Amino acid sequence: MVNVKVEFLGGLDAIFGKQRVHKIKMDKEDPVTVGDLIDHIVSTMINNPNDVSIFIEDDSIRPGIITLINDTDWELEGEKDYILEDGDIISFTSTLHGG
């Protein structure tokens, strides 16, 4: 079981009922990855399926969204492969600069 927070920034809150910060309890036994977290967000937290394409394209984070893991570019942590620890904070920012 792992507890993390996710932040939906650069306007992404619009697909999450205008709520920017979400507390997430991942019930899965360790290890739980950022890939698992994204699956969870898509499966349970996007309340209009028409908005899923705003968050993911071809089952990957949508081009134009920057993902930071504890204030760090997720590339430096293995991206989807990063293993969540209790208290981690993951933010997603929509921006024209995003990759």
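Residue numbers here begin at 1 and follow the sequence given.
Worksheet item: 53-61 versus 35-43: which one carries the higher mean Cα B factor per the record?
Response: Per the PDB record, 53-61.
Item to complete: Could you tell me which third, lowest, middle or highest, the C-alpha B-factor of residue 24 occupies within its chain?
Response: Highest third, going by the recorded CA B-factors of the chain.
Worksheet item: By the record's CA B-factor, is residue 6 among the lowest, middle or highest third of residues in the chain?
Response: Ranked within chain, residue 6 CA B lands in the lowest tercile.
Discussion item. Quick check on the deposited entry: does the C-alpha B-factor of residue 76 sit in the lowest, middle or highest third of its chain?
Written reply: For residue 76, whose C-alpha B-factor we compare with every modelled residue in the chain, the answer is the highest third.
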